[PDB]
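Next up: the same protein chain in two forms, each one alone, written as structure tokens (structure 1, then structure 2).
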Structure 1
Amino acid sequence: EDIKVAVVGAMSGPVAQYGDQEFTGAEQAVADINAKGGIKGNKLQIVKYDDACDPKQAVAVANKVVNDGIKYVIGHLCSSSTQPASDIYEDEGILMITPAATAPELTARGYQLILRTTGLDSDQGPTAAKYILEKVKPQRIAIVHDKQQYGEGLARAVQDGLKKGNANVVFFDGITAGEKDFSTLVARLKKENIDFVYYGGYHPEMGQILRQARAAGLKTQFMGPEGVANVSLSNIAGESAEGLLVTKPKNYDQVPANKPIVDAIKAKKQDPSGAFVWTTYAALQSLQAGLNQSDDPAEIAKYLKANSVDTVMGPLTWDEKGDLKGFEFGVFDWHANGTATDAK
């Protein structure tokens, strides 16, 4: 008697790379759980939904999931699309574990049926600021964001921390996502002789900004959130992605204990290096731990906040809001290689 689990993320669109990572992680974890017998004999069955990381299409997905009788949702990914979906799931008694949404607002609303297998930007932001103040110490900072929930929230958090350190923030600018042309911004960085730029947003925009900055002879150092730390950034920017600083989950694919999963994934020619392969795999293991105790959303949610669950990410424990206790983002150097190393 299969147990339906909706996996929802961007499978198409501008940031389909987030979904490629999520589905790869969900697929392998379900393959592993089922291989050992699943949940007390019952196998997990993945039902795939594409919300294109679009708020309107995510609601349409939420309504279909509620309608299809599915009780557990592993997703969505982007915060502004997860928000509206989340509310429909909460009002409807459907558990929702998100492996990528980081805006604080998600777990700040009293929801009793939401959990994350990733951290909060209330931590990610501060970490970038601290690192800039203590290790980079630039002289002329500019901050750019895409006017979206995730990017602006992070951009304002970083501005905040830099001010507390009395750093020199020359300007705070918001750009429109989807635009491929940034000559104006670039010409401005050159003009203001900006030596450091924190960018709050996704890889599509970061990739264009980076290419256009190097093409104009700028050596400006850039830094972005985990949202820009992925192979699609390197695809778009080419060598211009080299040198980029990023905050992002720890390299779980490097944990020696995890090598069997890395191998199984590589054997299907899929990419196991993305952070979301692991948070999603972890989300599936949390749901497994839950389904072993009960099939009822509230019961599962209760049980998770009550226990420490061992996962590919290490032991996980959640607060009453459904956030990971003690989660920490590291700062890394990103390489055109699709590789990432500990930052100085």
Structure 2
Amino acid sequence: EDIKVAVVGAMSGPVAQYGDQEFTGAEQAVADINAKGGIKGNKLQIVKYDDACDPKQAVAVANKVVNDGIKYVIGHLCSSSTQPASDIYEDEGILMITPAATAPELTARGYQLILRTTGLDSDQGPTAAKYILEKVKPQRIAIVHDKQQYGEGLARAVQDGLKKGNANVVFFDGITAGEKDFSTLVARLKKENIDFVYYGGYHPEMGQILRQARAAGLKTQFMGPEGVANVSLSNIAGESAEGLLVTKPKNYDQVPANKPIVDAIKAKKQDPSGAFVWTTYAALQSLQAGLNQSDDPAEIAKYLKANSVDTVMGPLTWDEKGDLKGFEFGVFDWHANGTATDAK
């Protein structure tokens, strides 16, 4: 007897390319789960809805899902359309697992039926701190940011993580985004014998800092968030970009264990590289783990929050508000040719 699952995303409009990734992953996941016997013999059945990443269309879709009698939703795709839909799902007692919405506010309202299978920007902080403490182990660290929300929040998380591990953070300072001269900062890194710098910001400033630091003979190791990882940085900084550590999403299509999925999707002439293919496939594996325990949304949420589930993204665990906990981004070495490779 079929268990219906609504998969909601952008099937049309500006964001359709990302919705394609979502549907590709959900389809393959359901095909795999069913081919092995479904859930206690019951097969999963996908019902697709297009919200076009539009807040108004998202509400029409959420009310329809309710009318159709569906109890589990994999979606939505954009944070702007997912939030208003989540009010309806929570009110009606419908489980919602988003594989892509990253706005923190989604899980900051006390809702019990919302979960995510996508990491949040903030997870790059703990990922960096852990890699520094465990693999790099520098002597004198400086943390620098551009005073903007993104860079600064990330710089502070790294600082908290490093202090916790008793690391030696010599200084924490901010620079102005848009400035092109960092002579004073470079002078300070040499003067204070800084061997590792974490920079919270974007590529324009990072490219300037890197060139200037290298020109002045510094052997300092640099590291930054995904915002620093751009090909134009390699063109501008050139060889000074070689060896730069960057945090960004892991490449799940490259994990050996996932090869059969990658092959199955290629066979259908589809693209297995998209990030949302994997976060979506993992969302279905999570709902599967829950369905083996109960059919009641409220109980599945409770079960997921208390347990770990093995997925194509590795073992996932959730905190009480529905966010992935202990989630790790990948750490890569940037290269002069714009390439990025898995770091030690």
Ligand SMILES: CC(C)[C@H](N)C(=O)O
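Under this definition, the rigid core comprises the largest set of C-alpha atoms superposing within 1.5 Å between the forms. When a residue number appears, read it as a position in the sequence of structure 1, where counting begins at 1.
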property	result
Either 1 or 2, the form deposited without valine	2
Hinge split between the two structures, rigid part shared by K269 and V197	no
Angle through which the smaller rigid unit swings between the two structures, given in whole degrees	58
Displacement in Å of the C-alpha of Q124 between the two structures, rigid core kept as reference	5.5
After superposing on the core, C-alpha shift for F327 between the two structures in angstrom	1.9
Shift in Å of the C-alpha at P249 between the two structures after core superposition	2.2
